[PDB]
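# Examination of the molecular architecture
Each chain, letter by letter, is given below.
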Amino acid sequence: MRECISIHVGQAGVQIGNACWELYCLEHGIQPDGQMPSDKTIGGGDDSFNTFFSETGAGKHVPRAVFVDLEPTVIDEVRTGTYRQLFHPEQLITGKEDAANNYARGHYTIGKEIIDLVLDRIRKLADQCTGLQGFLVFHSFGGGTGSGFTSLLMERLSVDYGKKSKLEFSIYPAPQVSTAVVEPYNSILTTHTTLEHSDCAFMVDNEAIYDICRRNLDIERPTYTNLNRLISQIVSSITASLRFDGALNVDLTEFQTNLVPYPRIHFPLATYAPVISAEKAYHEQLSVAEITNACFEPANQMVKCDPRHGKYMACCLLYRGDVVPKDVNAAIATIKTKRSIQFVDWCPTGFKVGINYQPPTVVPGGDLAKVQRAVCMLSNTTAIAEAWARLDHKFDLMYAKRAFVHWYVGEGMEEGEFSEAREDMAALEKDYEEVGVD
Amino acid sequence: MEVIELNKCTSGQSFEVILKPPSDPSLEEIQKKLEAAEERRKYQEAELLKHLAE
Amino acid sequence: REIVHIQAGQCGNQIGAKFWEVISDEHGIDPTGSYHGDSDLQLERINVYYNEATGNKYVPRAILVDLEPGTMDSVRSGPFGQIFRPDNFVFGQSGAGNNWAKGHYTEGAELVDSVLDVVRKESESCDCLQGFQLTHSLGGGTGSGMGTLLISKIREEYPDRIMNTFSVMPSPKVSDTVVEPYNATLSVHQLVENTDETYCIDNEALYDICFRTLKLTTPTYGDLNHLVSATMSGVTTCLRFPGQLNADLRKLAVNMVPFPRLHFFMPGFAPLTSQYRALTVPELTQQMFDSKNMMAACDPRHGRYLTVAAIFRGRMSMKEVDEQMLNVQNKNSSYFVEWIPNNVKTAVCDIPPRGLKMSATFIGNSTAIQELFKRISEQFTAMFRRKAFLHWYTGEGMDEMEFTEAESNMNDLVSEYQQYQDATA
Amino acid sequence: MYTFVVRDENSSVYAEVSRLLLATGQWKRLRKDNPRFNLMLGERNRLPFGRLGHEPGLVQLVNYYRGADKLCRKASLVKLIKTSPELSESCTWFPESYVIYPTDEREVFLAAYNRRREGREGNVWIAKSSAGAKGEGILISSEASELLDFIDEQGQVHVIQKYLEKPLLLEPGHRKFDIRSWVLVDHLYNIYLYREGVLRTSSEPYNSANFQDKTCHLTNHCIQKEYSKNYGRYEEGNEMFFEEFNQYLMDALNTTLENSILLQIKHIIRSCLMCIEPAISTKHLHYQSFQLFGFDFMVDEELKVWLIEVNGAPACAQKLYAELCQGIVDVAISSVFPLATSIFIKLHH
Ligand SMILES: Nc1nc2c(ncn2[C@@H]2O[C@H](COP(=O)(O)OP(=O)(O)OP(=O)(O)O)[C@@H](O)[C@H]2O)c(=O)[nH]1
Ligand SMILES: O=C(Cc1ccc(-c2ccc(OCCN3CCOCC3)cc2)cn1)NCc1ccccc1
Ligand SMILES: Nc1ncnc2c1ncn2[C@@H]1O[C@H](COP(=O)(O)OP(=O)(O)CP(=O)(O)O)[C@@H](O)[C@H]1O
Ligand SMILES: Nc1nc2c(ncn2[C@@H]2O[C@H](COP(=O)(O)OP(=O)(O)O)[C@@H](O)[C@H]2O)c(=O)[nH]1
Ligand SMILES: [Ca+2]
Ligand SMILES: [Ca+2]
Ligand SMILES: [Ca+2]
Ligand SMILES: [Ca+2]
Ligand SMILES: [Mg+2]
Ligand SMILES: [Mg+2]
Ligand SMILES: [Mg+2]
């Protein structure tokens, strides 16, 4: 067994992390106290759930997680939440004043005075690991901490753990969930300096999550709690292979091998189905075929884009619940004759399928209805580059007038990093087009 | 349309279905750029308090 | 994150006093510092503006400055007069005679150190000092001349803290002396350099609102101050109350100031008050954006919005809020610069101001504010071309060059706003 | 009210759609780069489809179908017809064609050419590409290496396709022609065929012997306006409309336009547009598309209709700009953004 350490950075990362660990405990039957009745080996073990949980001699199962925010308001609720005694003080790391949605402030000014202590608290966890795989890093693109501190952490993690894998869960900025006008700046800046340090990154556009919550959950104006519980469902389905018995994506390195043929193009698109409101008492349960077909509707994707006008390089299907391999291949056979699914020429046109029989767990009293089967599709399609184009265009409009730039220069960043980060994204954008259009 | 690598456990099962065949900066370099930005900040701050001294 | 409040001069202290009256009522604090509220969102962020003392008394983090004792004797006898920490009354006796030079260079210089002593004592007791706010007029001598001196000194000792002002601009229609254009022009140059955010409250607009809208034939300073305290409370709502918005002064500055010198904002408020008809969200958002509701005598239609913040208060359907704000943008999309995408932000706070079940505060960074600075500069130049009334200032040691430089810098700011009003994508 | 932007000011059709929309009093035009629009009259190349449908609180419509180029560029037109089961290598209404590069079929072309070699009956073909602008780059030869010489003479990929040697020729004149039908596909993928077509005529007499003179064989409007001396004698602008052509078919051949031709045109339009529907439909997308197409047909002496090409950015006949552009507004625009008989034939599917 090999351990995985989760790192939650900034408000978005922390609040999403708390939603994920809540879900992990429900799935693995761990109480808010940290006790796990079904775990019969007290105070130790090599089970697959211990990839994410350590154990104390007293029988408490503790997340292998670090929370870090440059202001204490958000992490203080972790300290006083239902799962408060799951964690130890040293896992929760607070600053005094935040990065004010300023990448430079989170990367340079405030980052420098905290990076060494974070790495030291990360080190305490890695020392309790027999073989450590790497890290899962949760954060926003738009926050000053989420963007600026994350990229500095990722730089130093590559130095201190050069052979371990690093996966990201990144919240892409959407104006409808209140957004700083400079989030395009922070997004590009953090993508540029994190790119060569991240092996696989799952982008989540708050716009897609917002519209799913409105359309399929009938919540008129979703809150971060609505958004994060849905997000953690997706995250859990992605990490379930790491925490349960299985043979697909049992290693953080398998994610890169299975989903990333070219290192820079390491942003798989996630599509999830079904999302059903819990206020609908009885809902006609959807089949293997109907939820698999829903993986090719843009309306269910974590990022709104059109895969029909791009090319695939890899595709994984992760089912939870009552699913048999034969239903899947019957659903794939029909879907292929009806959908525009074109792979790159230098790649096999196929699907890596993973089934875990335990159906999805839902938070008691949440918005999501229990279903008998669900699927999360991870597809590396060039169409996700649409999201890079949108962000780069807004970056271009503001930067042409150097609007808000003085805030970054005032923290010690130089203007050249702006155009350097932007040219990197210009290369990334044409990397995608050379691979995906003729 | 062939199935491959069918592995089965009690928690689930895995396989692959093929439809068609095919056709870093060092720590010192980091600490220097961090301190290079810190010096640019204190130069900016020195010019301010000189201006204020004037 | 604590804020330190400072009020200087007659106007600054009369407006500041009413501000502490208003918010002290919103946070449930009585005129003796005892809390007698009924909701604990009242106190989740009460430390922002109040120091907690013996017997759970709350005393404003406020410093009251003047060069004469007159107005501050009225404050101490006013409704909430005794709420204030007595050692934070810092005054001289000579006065400033509506003379910027006296407040900035001679009479104010003698007293400034005493003020900074109180400022330092307040800051030293703050776990995380967030910044400062100042209430003052720019047309007098103390609030204008000594107020900008204090801002310069505060920035020297706290160079990394946010400094915001509520600055009342003079108008010939509500005017005390002829030299107000001189004192305002000299003060504006100070603010361009040494404030992060300045809320320009035009006495012209406050009068027009009181006359044309609020139906008051003879507006007094008390009538115009009602509108100022109501706007000040609205502007600071997002920092005083537990809400989804997690933002300090720096974050709000970051989100509204695209260029360092262009940090002068047009405040607005709806409904305009002096009644029982409940206001619908569509009415709130239309009034909020009406020029007749902005407290800077500028037409937003003559310029372009660089950034806009809107803070709604009360229990309302935030779905219709987002609906209404998105519709005002899209029906008038030309007046918002297109090279700052999504430059209109919205915030909501469930607790409304006293007396109204719903309200909306408008904060706009518009290039139309240049009309205010053009107005002041025309009045400045009309007398300065004849060096009229300058003897009051040269007699305090100032030179004509200092006036020429201040006028040039204000005409520069004017041209800066005009550059970005024509800028395209 | 509603908002729209105009990013192709060279478009005759949407210049008129733009002016009619403003004359409605409930549509307002914005600057090209203002993103808060309801409708985009987009550029014809590199239209930023990926930036559409992400503006909160605005339903956005565009006058182009992302992916429709597969039908409206001759190289992909051929590849789509040959490779899609819906149309099939064995497709009766599209002439034998081969794509040749200067994925290449340079000699399965010669194989069929060296088969018409054998039975020594009409082996005339025509090479062309989408790069040609109103009648330049074309060329009709009878022997295949003169065309393939002309192929690599330049550096854009071309198509070789059977020249229909026995076209239907109108009289008096012994004159060739082609038919243009305008098709509007709305946001729900209804296929609307404009009731009014046009026949683009050749006023020169068709001569089967010499292919060198490029006027009695090539249909296109500028070529006859520029290099035909007798042009306009038979009808104005070498444009015959449907009533005249129908009346002629009745008098001359004892048949109707709908029976002899239109039934086949409607069948070709539907099969082409329904073939690509899964790839370009915007029914479940965050933005929606409509688009007006121009279908170019030829009719042989057996009154069999052949598809020549599809144009994704077509112009219109001057006499019908008004009626057609008004129909775009009613069917494609107000369909989505409503205000306060029919000129189209709906091809059901
Ligand atoms: N999905 C989701 N998005 C969030 C959440 N919290 C904040 N965001 C988003 O992230 C952006 C704001 O960045 P934050 O994470 O709040 O900032 P930060 O990382 O704490 O860094 P600072 O600027 O120093 O506060 C906006 O685009 C929000 O939409 C959350 O809980 N869930
Ligand atoms: O700024 C002001 C007056 C004001 C208040 C609030 C806003 C404001 C509201 C909503 C916004 O969008 C949300 C951005 N999200 C934050 C969380 O991260 C995600 C991105 C942005 C801005 C602007 N302006 N401060 C008071 C003050 C003045 C003077 C003296 C004392 C206090
Ligand atoms: N296979 C074929 N057989 C016989 N004649 C043909 C032919 N292909 C083209 N022609 C003649 O060539 C003319 C059209 O050629 P082309 O297809 O190159 O039009 P275009 O695409 O160049 C002009 P636009 O697209 O602007 O309408 C036909 O109308 C017909 O008269
Ligand atoms: N709104 C408002 N404006 C005032 C008030 N008092 C004075 N002013 C304005 O400011 C000028 C007088 O400045 P003042 O504050 O009295 O001078 P100071 O005491 O020396 O700072 C005139 O332009 C008035 O229009 C007041 O109570 N409210
Ligand atoms: Ca165990
Ligand atoms: Ca690495
Ligand atoms: Ca003295
Ligand atoms: Ca001293
Ligand atoms: Mg934060
Ligand atoms: Mg006075
Ligand atoms: Mg063409």
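For this coordinate set, the PDB header names X-ray crystallography as the determination method and states a resolution of 2.4750 Å.

Distances from the calcium ion (ligand 5) to its protein donors, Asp39 of chain A (OD), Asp39 of chain A (OD), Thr41 of chain A (O), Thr41 of chain A (OG1), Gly44 of chain A (O), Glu55 of chain A (OE) and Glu55 of chain A (OE), fall within 2.3 to 2.8 Å. Taking the relative accessible area as the measure of exposure, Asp39 of chain A reaches 9% and is therefore buried.

Attention shifts here to the site of ligand 3. Residues and elements named next belong to chain D. Close to ligand 3 lie 20 residues, the nearest being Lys162, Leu164, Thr219, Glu309 and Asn311. Note that an oxygen atom of ligand 3 is positioned 3.3 Å from one of the side-chain N or O atoms of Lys134. One nitrogen or oxygen atom from the side chain of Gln161 is found 3.2 Å from a nitrogen atom belonging to ligand 3. Across the complex, the protein chains shield 89% of the 650 Å² of accessible surface that ligand 3 would expose by itself. Here the shell around ligand 3 gets three residues from one element, more than from any other, and that element is strand β15 (residues 305-311).

Another aspect to go through is the packing of helix α1 (residues 12-22) of chain D against helix α10 (residues 321-333) of chain D. All names here are of chain D. Two elements in contact, α1 and α10, have axes separated by 9 Å at closest approach and are oriented at 65 degrees. Taken together, the axis directions place α1 and α10 in an arrangement best described as roughly perpendicular. Both α1 and α10 take part in a crossing whose hand is right-handed. Facing α1, whose interface residues are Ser12, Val13, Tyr14, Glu16, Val17, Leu20 and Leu21, α10 presents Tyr321, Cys325, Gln326, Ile328, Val329 and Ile333. Of the residues assigned to the contact of α1 with α10, the class counts are 10 nonpolar, two polar and one charged.

Turning our eyes to something else, we now look at the UniProt feature "binding site: GTP" in chain C. All names here are of chain C. As recorded in UniProt, the sites labelled "binding site: GTP" are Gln10, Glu68, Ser137, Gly141, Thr142, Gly143, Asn203 and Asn225. Spanning 216 residues, the annotated positions stay apart in the fold, the maximum distance between their C-alpha atoms being 22.8 Å. Mapped onto the elements, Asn203 comes out in helix α6 (residues 203-213). Ignoring any residue separated from it by four or fewer positions in sequence, one finds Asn203 in contact with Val168, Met169, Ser171, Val174, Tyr221 and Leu224. Here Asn225 lies in helix α7 (residues 221-235). Beyond its immediate chain neighbours, meaning those up to four positions away, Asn225 contacts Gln14, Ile15 and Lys18.

A separate point is the interface of chain A and chain B. Contact residues are listed per partner, giving 41 residues for chain A and 32 residues for chain B. Of the roughly 3,100 Å² buried at the junction of chain A and chain B (both faces included), carbon and sulfur atoms supply 59%. Broken down residue by residue, the surface that chain A buries against chain B is led by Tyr108, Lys112 and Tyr357 of chain A, which jointly contribute 17%. At the boundary of chain A with chain B, the tally comes to four salt bridges. Measuring nitrogen to oxygen at the nearest pair gives 3.8 Å for the salt bridge that ties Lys33 of chain B to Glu155 of chain A. For the side of chain A that touches chain B, the secondary-structure elements that each account for two or more residues are α3 (103-112), α5 (144-160), α11 (325-338) and β11 (349-356) of chain A. Tallying contributions element by element places β11 of chain A first for the side of chain A that touches chain B, with eight residues. Of the residues that constitute the side of chain A that touches chain B, the class distribution is 18 nonpolar, 13 polar and 10 charged. Across eight bridges, β11 of chain A lies against strand β2 (residues 12-20) of chain B in antiparallel orientation. Each bridged residue has a counterpart across the sheet, and for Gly354 of chain A the counterpart in β2 of chain B is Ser14 of chain B.

Enumeration over the complete set of coordinates arrives at 65 aromatic pairs over all chains. Here the aromatic rings of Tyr199 of chain C and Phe265 of chain C are separated by 5.3 Å at their centres, their planes lie at 70 degrees, and the arrangement is edge-to-face. Taken together, the residues span a long stretch of sequence, with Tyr199 of chain C in strand β8 (residues 197-202) and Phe265 of chain C in strand β9 (residues 264-270) at a distance of 66 residues. Each member of the pair, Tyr199 of chain C together with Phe265 of chain C, is buried. Ring centres 6.0 Å apart and planes at 65 degrees place the aromatic pair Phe4 of chain D and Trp27 of chain D in the edge-to-face group. Here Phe4 of chain D is found in strand β1 (residues 2-6), whereas its partner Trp27 of chain D is found in strand β2 (residues 27-29), with 23 residues between them in sequence.

The rules behind these values
- Residues numbered from 1 in each chain as written, not as in the entry; some residues may be left out.
- Chains lettered and ligands numbered in written order.
- Part of a larger assembly, values for the part shown.
- Heavy atoms only, no water.
- Donors = N, O, S within 2.8 Å, 3.2 Å for Na, K, Ca; no water.
- Buried < 20%, exposed > 50% of the residue type's maximum accessible area, 1.4 Å probe, protein only.
- Near = heavy atom within 4 Å.
- Polar contact = N/O pair within 3.5 Å; in protein donor to acceptor, adjacent residues only side chain to side chain.
- Areas by Shrake-Rupley, 256 points an atom, 1.4 Å probe, with all protein chains shown as cover.
- Helix = DSSP H or I, 4+ residues; strand = E, 2+ residues; numbered from the N terminus.
- Axes fitted to C-alpha atoms, helices over the stretch in contact; angles between N-to-C directions.
- Parallel < 35°, antiparallel > 145°, perpendicular 65-115°, else oblique.
- Left-handed = near helix turned anticlockwise from the far one by under 90°.
- Contact = heavy atoms within 4.5 Å.
- Nonpolar A, V, L, I, M, F, W, Y, C, P; charged D, E, K, R; others polar.
- UniProt positions renumbered as here; feature names shortened; annotations may be inferred.
- Buried area = accessible area lost by both parts, 1.4 Å probe.
- Salt bridge = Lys/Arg side-chain N within 4 Å of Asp/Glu carboxyl O.
- Pairing = 2+ DSSP bridges.
- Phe/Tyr/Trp six-rings, centres within 6.5 Å; stacked < 30°, edge-to-face > 60°.

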